[PDB]
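# Observations on the model geometry
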Amino acid sequence: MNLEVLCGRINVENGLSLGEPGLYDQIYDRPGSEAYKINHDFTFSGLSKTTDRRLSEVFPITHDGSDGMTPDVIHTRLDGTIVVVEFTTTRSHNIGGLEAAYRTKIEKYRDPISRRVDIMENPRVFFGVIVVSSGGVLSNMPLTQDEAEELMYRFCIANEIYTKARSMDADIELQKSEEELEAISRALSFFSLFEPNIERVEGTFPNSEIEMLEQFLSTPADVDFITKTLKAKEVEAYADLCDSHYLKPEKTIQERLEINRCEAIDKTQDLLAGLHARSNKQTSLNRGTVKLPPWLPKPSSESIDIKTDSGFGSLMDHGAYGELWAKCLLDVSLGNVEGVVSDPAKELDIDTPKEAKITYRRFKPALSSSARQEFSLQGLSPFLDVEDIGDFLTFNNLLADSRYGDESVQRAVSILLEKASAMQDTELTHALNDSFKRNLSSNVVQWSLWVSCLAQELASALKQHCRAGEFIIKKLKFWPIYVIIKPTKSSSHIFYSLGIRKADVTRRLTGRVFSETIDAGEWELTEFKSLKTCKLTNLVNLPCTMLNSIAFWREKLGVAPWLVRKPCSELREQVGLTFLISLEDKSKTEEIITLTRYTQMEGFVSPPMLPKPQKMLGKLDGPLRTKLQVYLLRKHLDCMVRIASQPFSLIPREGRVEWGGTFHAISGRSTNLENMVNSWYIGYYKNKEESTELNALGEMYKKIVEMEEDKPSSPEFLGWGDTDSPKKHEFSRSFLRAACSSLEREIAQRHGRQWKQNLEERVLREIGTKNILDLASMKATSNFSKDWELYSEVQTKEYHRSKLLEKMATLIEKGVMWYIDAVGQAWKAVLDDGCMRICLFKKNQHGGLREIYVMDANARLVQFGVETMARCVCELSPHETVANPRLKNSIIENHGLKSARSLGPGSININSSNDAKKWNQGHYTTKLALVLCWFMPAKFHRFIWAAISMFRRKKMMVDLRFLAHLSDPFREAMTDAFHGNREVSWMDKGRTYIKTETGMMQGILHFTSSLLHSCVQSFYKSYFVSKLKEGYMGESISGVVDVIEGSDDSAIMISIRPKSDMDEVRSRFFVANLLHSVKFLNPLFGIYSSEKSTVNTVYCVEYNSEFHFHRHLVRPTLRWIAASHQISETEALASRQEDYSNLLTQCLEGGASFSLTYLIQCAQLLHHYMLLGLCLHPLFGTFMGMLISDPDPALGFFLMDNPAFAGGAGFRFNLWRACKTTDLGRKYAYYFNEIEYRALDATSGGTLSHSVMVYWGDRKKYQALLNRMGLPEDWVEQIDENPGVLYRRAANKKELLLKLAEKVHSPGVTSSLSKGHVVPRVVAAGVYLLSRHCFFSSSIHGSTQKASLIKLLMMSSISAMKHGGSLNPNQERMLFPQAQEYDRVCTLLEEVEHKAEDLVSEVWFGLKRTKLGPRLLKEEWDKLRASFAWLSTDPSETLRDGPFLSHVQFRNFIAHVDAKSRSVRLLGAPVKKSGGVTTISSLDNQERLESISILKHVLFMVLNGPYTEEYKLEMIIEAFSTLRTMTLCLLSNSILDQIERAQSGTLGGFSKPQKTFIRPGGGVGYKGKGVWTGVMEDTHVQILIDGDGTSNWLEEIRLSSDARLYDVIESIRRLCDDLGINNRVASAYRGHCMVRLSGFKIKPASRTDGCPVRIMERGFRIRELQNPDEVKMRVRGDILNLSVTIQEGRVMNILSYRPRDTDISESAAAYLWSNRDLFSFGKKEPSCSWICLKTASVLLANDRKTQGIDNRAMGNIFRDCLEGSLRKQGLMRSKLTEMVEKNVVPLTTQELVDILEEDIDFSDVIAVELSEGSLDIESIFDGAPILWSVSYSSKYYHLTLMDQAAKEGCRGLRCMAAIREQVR
Ligand SMILES: [Mg+2]
């Protein structure tokens, strides 16, 4: 297709441009003498070709140091731009395997073209590269979708042709194999050696033998068994369908839809009866569900002391509970306190903090024998009357503003908010903040703040070992409340009782749902409630999880954050429910709201089928303990009685069809579709802290073993022969083979016919060759051994898990290396030691990834070797949506178009949702071994077989406290199993290890099950196609099938066109069966479909959590919002903001508008300032006053983003917005522009800090007991003696030890082995560093940052932090009017791609790294030396200088300095930006402009140019200069002089002229030393010039402001070119300059190399009265000049103009077509037909002008347009071998078929005669719905005569030579 159009697509501003490389892939259905080059010139043929013979050496860009080597295409457009492109092909199927080609191509051409573009005049040069592969195409030749595939059709064909003529494949690639040889050889050596232990391996493990592999790979599938099994299963599926739904008797939907309603009522009543009987029948219970008193007191002044003249009473009324408070008040009144002084680093490992951080916790004594007797004892039916919970959910004081808006509790944060928002000071922000304070006084965060205070306080009291005589008492602060704590012997629970004076309680939040309260003598005591520790990390972040419900839900209702309405009735219910659920943290309370999803998705069920929600019942049995759960269950048990009677309805409006009346699950309200789907995620949160405790840990032991005893005795069904029937734990062999033999075909038809010979040489190249130790991981592991099994042996020891540096070091000392001499021991170490050894972890959230297994760091090695061996096989398969990361958003969204290319307009859609019941405990390790050793080519067998022969007797280690507590029918079983019989044989008599053979593990053996599921889905597709091809007695229905599936998740999409009346109904039925049969035919494999699937949705697809409704995408937003509070235990105090911003930037992709991801930031503010300190450590005042003056993110200072575009770009963007303009602008400069230690420089993450908050952490255990292998105490000095070991990999053991020692001690590698309730462990880690810096000084050491600093330090800044940073200085204040519109949007993406430290490695070093040319490669230092003044070529002096101490410390400062904000993807309103916001719920010039953009290039003599525009400006009269068009309006042929005195032109007089000298060659000679001044874009620069020999040069530059100098340099790059000054010679440094310049470059200062640009704010502010009468207009090589002569023979261009190529209009041609008045457009030439662009007869009339030369005005070379004969000779094709020997692609793409890879044909027949046809009642086949989710004609008539008159050269070799002249 064109070269022309492709070249015409791109654009550029100046000099040289590379653009941005893009990556296209396969989306549509991919169709389809002697030489060795066919692979290249078969593709890119016909066009990639320039029909000009050479064009040639790079000549057109002038002169030669190079040669100018020969490119492929060198195009030149009609606007002067030059385009050079090169094409090359690669055979590597891996993405990123093209990066190599894209890097080695630009290397060839970057040097000479950069050299030539610097030695010519204004230049437009474009360099681009094109690379193609069998899998994709990477280019920034910015192509479209259709031809991207066309480039691969020919590529595959060319490779097929190429492979055959190939010989000794002698090409070896010299650029590769430098290290890849030394790598690959090692893996070859190893795998060629002896890894198996095969004689005793068959005995150590039950079923692992080399008799299944050989009898599996060499036996073809039995087609008879298959053709009988399918025929037996289809009839069963059909009979089951006709009876689970009622179809046999003649009925209609009406009386059909009721029978299932009646039976669902029956089933629900049955369940209710079964529950009621098995409980203590008790009608009116009485208790509280919220276990905290409903006190809301007006806060007061902050203090931490138990106030005094209160205490006394009446306390003495009871003598039980008031007596206790009286006794403690009287104890604390006088003396009786004690010195228990929690310190902040007794708490942790550490120095010597000061007095103000040690606080009191005041013992108490105890009470007499009245109440000890009572303190010692304290120290369900489904028919309950629970409607009190409803009364609470329908009436609340919750969302009702209190009167506490201005109190001391928010005044602390209402000032940090001011300081943060002090940057984006707009009217919008001042309205988006007073709408967040309105949510900080809403009567619920007020009640939650003191609850969070209490929870924080109680978290610290999990220790301190209070005496036998015991009590504690604190007044949490900001409000008078008093607690009494009593720790326990343990860490599991805490006792407390709240007391409060009866006068400060102003308001109670209401209802009868809160716990009762003792009514004492004017006090409220709360009688010793108890709270566990697993329920503590929640109550802490309670305010931050209510503000995200008062804001989110308030937004999903059509409310505006800048309005104040009454709380709607539909709002109170949604808030009072997420309030209740968040406090009853019991697991089975949320397991009921979650299952409102799988029971409501079933309402989308299509025709013939029925919504069956009552199948979700066998999971709701429960014990039914608590009270709220009762209401939840009895409400949820009506959403499956309301749906089963009336499904959701379809309504096609010609619009992309929406659905009927949906409704809320719990409270039934017919709220909208996108609104209900979030209600399924009300109770959801995430967490990572280990939750070792009795109850929950029990269920996770049952889950692992529940399918253990199921394993069959006989192994004849596991690996062996067919079964025809599964036994709940085994599968058939022949089906596995016939399924894994389909993916191997679907791979080879896209990628290969050769591919193993690349997959191997890739894996091999990667597996053991680039895995160099000393970089394995910090992944915590386990140390479990045989000496730990007997419970009687060590009943009292502990368990630390040895984060995984021990196996690292103990090997590193042993002369180890590549991880390839390491499988070396550790396999023997496992074989002769028994089996795998595994411990467990419970990350409690409620559910999800809730249990992870550690690996023991000794089977981890042999597992990492098989991880990649399968991750690389997954990367090739096309359905894999877990190896291939992003394509999951490119198969559902592309089914779409892909349906329509195939068949007209359309659709119909039929979609499933699949899943698996038990994906972990259902598989058996023979399947994965067979799949792997089936794909891995030749020698991967003896290794993978052994490495998979390890999960056969696997031993798991249960908690120690568990067994201690041992000495529900399941714990009773485990007890008997441990002490004495019935025997389980799972743990044998009396030991500690769950031992099991059945089932893979959760996360360990990953990327291997995905292969299995891929083969299964491929077989399913290849069978569905084959059945669609035979629908009814030979009649073939047509349709496409798409299968997308990750691990334990699947989906199946189908579409079919209806061309009639039964035929839709006659066809839809035939689909249902075919799609419903996947309940069967999976048990033949090891896959069991659960009851969480939904079959036959008609227009939606439910895959992972994103749902695809017909044309509108919807994603749970509430899933990620409540995931924005996770607690941070890092210790880089500045990494907390990094993590907060990272977690925030996901709510954007979650569909949250911009007005919400700023309130989320406002909440994260609280969540962040609550952890440093806000409720304890009464020095926050000082800690606030410090940051209120300093503020920087390096200390605890939070940075809020821009309200519009909130959370769009990451933290780095905010660091750029704030450091640049008015945040600091000094703390960073001082680090960069002073020599000889503000603060020792150290970088954390992306930012950089004072290296004081990067200190706390226990490095001791790794180096006091692990410095036992050399590593002398001279370690830092000995490294500093040579710093070369920091950048190269390794040479010996010693330097490897040094590298390990440097790795252990910097960031973030902590080893002490925390047991603590992490919540105080973060407040400590905050306040410690925040205090040890307060005791100022360093703060007494002028600023901005220069433009050259931002570029090196923040690289993306001009790329995309200026576009967005200038479009937000857009309406920042406006207020749009609310409209209504529904529309599909685009897919937008900002910073996608496919460094600044490698520069150092080489001046110092050698080592062949960053491949620059010695122009740029030897010019990068200059730019790198200019910046970070004190930096030099010395490896040592880098040191004797600033802000490092040491070279070792700086590997981290050059390491991340930099840094490069992430990726964000987001929607829109269509295509163009500030067109993405959006969201947040005059032609006369054009005709004239065209008549100039075409005019400058016409055949014309230069003087005839101004003959036409001068006269042209008499009729096109554009308006005022009140808004490049500005210059155009500047052409009135007022006064003009002052019109340039404004608006970004350039002018300036010559203040100090030089001396003129008459040189004897017709030219005057300027010789004196003069000065030029000017005013360009508001700088008022001075230009000092001098020269005494051959020419003049540039002495000095001055300028008044540094805001813009990258543009000013351009205005001076040409201003010397005008007047003729050279910039090569050096100067003598005069003052303190910013930087200096070489011919046109930027530099250091410290070198005194060239002309220094010494900025002086006051340098020169004068101008000198230029005379306006000397003003001309000029023309040249196409350029406009409204210039002025300043000196005799020296002119100065004021304005210029270069016409773009995107302005060649066609509407102006009509206007210009003959209003014959334009005399310049007469009868003299194709003028008036070139301009008015259409081809008396001028063809023959030009063959005369080229031989007889008499063209009074067309006096050019005579060949400027006549070379364009190829434009029309291009649309006529010239490719010989591409059309005649190219049998038209005959559409060989049949998708798949069952008769291929099954050697024999198939016959699959069922019975469909007389059931019924009239069941469906609707019509959509006739329905509307749609599309499920230049200017080259110059000379065209007079060319076809050449086609009439008639490789071309050969032909020539007469009557047409006159035309051949025009082409040559
Ligand atoms: Mg699913």
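Residues numbered from 1 in each chain as written, not as in the entry; some residues may be left out. Heavy atoms only, no water.

In the PDB header, cryo-EM is given as the technique by which the entry was determined, and 3.4 Å as its resolution.

## Section: the overall build of the chain
When helices and strands are tallied, the chain shows 67 helices and 41 strands. Its C-alpha atoms give the chain a radius of gyration of 40 Å, within 12% of the compact-globule value 38 Å for 1864 residues. In terms of overall dimensions, the chain has a C-alpha envelope of 125 × 95 × 75 Å along the principal axes. By residue count, 51% of the 1864 residues in the chain fall in the buried class. Carbon and sulfur atoms make up 55% of the accessible area of the chain, which amounts to about 90,400 Å² in all. Each charge sign in the chain was given a centre, from 232 positive and 236 negative side chains, and these centres are 2 Å apart. (Helix = DSSP H or I, 4+ residues; strand = E, 2+ residues; numbered from the N terminus. Rg over C-alpha atoms; globule rule 2.2 N^0.38 Å. Buried < 20%, exposed > 50% of the residue type's maximum accessible area, 1.4 Å probe, protein only. Areas by Shrake-Rupley, 256 points an atom, 1.4 Å probe, with all protein chains shown as cover. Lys, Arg positive; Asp, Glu negative; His and termini not counted. Charge placed at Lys NZ, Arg CZ, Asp CG, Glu CD.)

## Focus on helix α38 (residues 1009-1028)
End to end, α38 covers 29 Å across 20 residues, agreeing with the expected 28 Å (1.5 Å per residue, within 8%). Within α38, 20 of the 20 residues are buried, leaving the element largely enclosed by the surrounding structure. (Expected span 1.5 Å × (residues − 1).)

## Section: the side chain of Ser 1153
Along the chain, the position of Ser 1153 falls in the loop between α41 (1135-1149) and α42 (1159-1173). The contact partners of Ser 1153, leaving out residues within four places of it in the chain, are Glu 555, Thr 1479, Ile 1480 and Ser 1481. (Contact = heavy atoms within 4.5 Å.)

## Things to note about the packing of aromatic side chains
Tallied over the entire structure, the rule returns 48 aromatic pairs. With a centroid separation of 6.2 Å and an interplanar angle of 50°, the aromatic rings of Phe 216 and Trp 934 are classed as tilted. Here the two residues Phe 216 and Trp 934 agree in accessibility, since each one is buried. Site record: aromatic cluster; members linked through ring pairs are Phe 604, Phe 648, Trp 659, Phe 663, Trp 680, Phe 1107 and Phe 1109. Cation over ring: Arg 362 sits above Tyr 360, and NZ or CZ is 4.2 Å from the ring centre. One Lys or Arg, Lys 955, reaches over the ring of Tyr 993 and ends 5.2 Å from the middle of that ring. (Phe/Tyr/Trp six-rings, centres within 6.5 Å; stacked < 30°, edge-to-face > 60°. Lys NZ or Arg CZ within 6 Å of the ring centre and 35° of its normal.)

## Here's the deal with the pattern of salt bridges
Where charged atoms of side chains with opposite charge meet at close range, the side chains can pair. All chains considered together, the criterion is met by 52 salt bridges. One salt bridge connects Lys 786 with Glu 789, and the closest N-O pair in it is separated by 3.4 Å. Given a relative accessible area of 3%, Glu 789 falls into the buried group. Of the charged contacts in the structure, one is a salt bridge between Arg 1384 and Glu 893, with a shortest N-O distance of 2.9 Å. (Salt bridge = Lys/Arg side-chain N within 4 Å of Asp/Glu carboxyl O.)

## As for the environment of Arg 1384
In this fold, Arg 1384 is placed in the loop between α51 (1363-1367) and α52 (1398-1404). Owing to a relative accessible area of 28%, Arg 1384 belongs among the partly exposed residues under this scheme. Taking C-alpha positions, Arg 1384 is 42 Å from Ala 1347, a pair spaced 37 residues apart along the chain. With residues near it in sequence (within four places) discarded, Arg 1384 still touches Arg 656, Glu 893, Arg 1111, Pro 1470 and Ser 1829. For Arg 1384, the side chain forms a polar contact with the side chain of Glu 893, separated by 2.9 Å. (Polar contact = N/O pair within 3.5 Å; in protein donor to acceptor, adjacent residues only side chain to side chain.)

## Observations regarding the pairing of strand β18 (residues 836-842)
Taking burial as the measure, the 7 residues of β18 include 7 buried ones, the bulk of the element. Along β18, one buried face is formed by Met 836, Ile 838, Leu 840 and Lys 842 and the opposite face, lined by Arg 837, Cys 839 and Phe 841, is buried too. Of the pairings in the sheet, the one linking β18 to strand β21 (residues 954-957) comprises 4 bridges and is parallel in character. Pairing of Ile 838 across the sheet is with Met 956, part of β21. Across 3 bridges, the pairing between β18 and strand β19 (residues 851-853) is antiparallel. If you follow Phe 841 over to β19, its bridge partner there is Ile 852. (Pairing = 2+ DSSP bridges.)

## Things to note about the UniProt feature "active site" in the chain
In the UniProt entry, the feature "active site" is given for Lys 105. Tracing the chain through its elements places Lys 105 in helix α3 (residues 99-117). (UniProt positions renumbered as here; feature names shortened; annotations may be inferred.)

## Observations concerning a negative patch on the surface
On the surface, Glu 199, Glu 202, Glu 211 and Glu 214 cluster together into a patch of negative charge. Mapping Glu 199 onto the fold places it in the loop between α5 (180-191) and α6 (201-204). (Patch = residues over 30% accessible without salt bridge, like charges linked within 9 Å, V, L, I, M, F, W, Y side chains within 5 Å.)

## Things to note about the domain arrangement of the chain
Under the domain assignment used here, the chain contains domain 1 (4-167), domain 2 (202-219 + 688-1079), domain 3 (225-258), domain 4 (296-379 + 386-404 + 441-590), domain 5 (1132-1366 + 1383-1450) and domain 6 (1549-1665). Relative placement of domain 2 and domain 6: their C-alpha centres are 71 Å apart. (Domains from an automatic or database assignment.)

## Overview of the sheet that holds strand β13 (residues 518-519)
Two strands in a sheet stick together by hydrogen bonds in their backbones, pointing the same way (parallel) or opposite ways (antiparallel). The strand order β8-β9-β11-β14-β13 describes an open sheet built from 5 strands, whose pairing is antiparallel. Every interior strand has two partners, whereas the edge strands, β8 (472-475) and β13, have only one. Relative to strand β9 (residues 482-485), β8 runs antiparallel, the two being bridged by 4 bridges. When the sheet's bridge partners are listed, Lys 475 is paired in β9 with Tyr 482. Packing of helix α10 (residues 322-334) onto the sheet brings it into contact with β8, β9, β11 (498-501) and β14 (523-525), and relative to β9 it is tilted by some 100°. (Axes fitted to C-alpha atoms, helices over the stretch in contact; angles between N-to-C directions.)

## Section: the environment of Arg 1559
Along the chain, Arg 1559 falls in strand β31 (residues 1556-1559). Among all residues touching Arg 1559, those that are not within four sequence positions of it are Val 1564, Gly 1565, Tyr 1566 and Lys 1567.

## Some remarks on the packing of helix α28 (residues 733-748) against helix α34 (residues 925-935)
In a pair of packed helices, the angle between the axes and the distance between the axes together describe the arrangement. As a packed pair, α28 and α34 sit with axes 11 Å apart at the nearest point and diverge in direction by 35°. At the point where α28 passes α34, the crossing takes the right-handed sense. Of the residues in α34, those in contact with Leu 736, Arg 737, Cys 740, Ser 741, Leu 743, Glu 744 and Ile 747 of α28 are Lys 927, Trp 934 and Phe 935. Within the contact of α28 with α34, the residues separate by chemical class into 6 nonpolar, 1 polar and 3 charged. (Left-handed = near helix turned anticlockwise from the far one by under 90°. Nonpolar A, V, L, I, M, F, W, Y, C, P; charged D, E, K, R; others polar.)

## Quick word on the sheet that holds strand β40 (residues 1679-1687)
An order of β39-β40-β41 is seen for the 3 strands of this open sheet, with the pairing classed as antiparallel. For this open sheet the edge positions go to β39 (1672-1676) and β41 (1690-1697), each flanked by a neighbour on one side alone. Pairs of neighbouring strands in the sheet enclose a mean axial angle of 40°, with direction left out of account. With 7 bridges connecting them, β40 and β41 associate as antiparallel partners. By the bridge assignment, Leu 1682 is partnered in β41 with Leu 1695.

## Thoughts on the packing of helix α8 (residues 223-244) against α28
Look at α8 against α28: their axes get within 10 Å of each other, and the N-to-C directions meet at 95°. Taken together, the axes of α8 and α28 lie roughly perpendicular to each other. Residue-level contacts link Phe 225, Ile 226, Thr 229 and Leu 230 of α8 to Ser 734, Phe 735 and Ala 738 of α28. Residue composition of the contact of α8 with α28, grouped by class: 5 nonpolar, 2 polar and no charged. (Parallel < 35°, antiparallel > 145°, perpendicular 65-115°, else oblique.)

## Some details on the state of the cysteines
The tally for this structure, following the rule as stated, stands at 0 disulfides. Summary of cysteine pairing: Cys 839 is not part of a disulfide, and the nearest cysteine sulfur, belonging to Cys 835, is at 15 Å. With no disulfide of its own, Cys 872 lies 9.5 Å from the sulfur of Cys 874, the closest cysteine sulfur. (Disulfide = S-S within 2.5 Å.)

## Topic: a nonpolar patch on the surface
Together, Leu 897, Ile 1826 and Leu 1827 make up an exposed nonpolar region whose accessible area comes to about 250 Å². Relative to the helices and strands, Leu 897 resides in helix α33 (residues 892-900). By relative accessible area, which is 36% here, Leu 897 ends up partly exposed.

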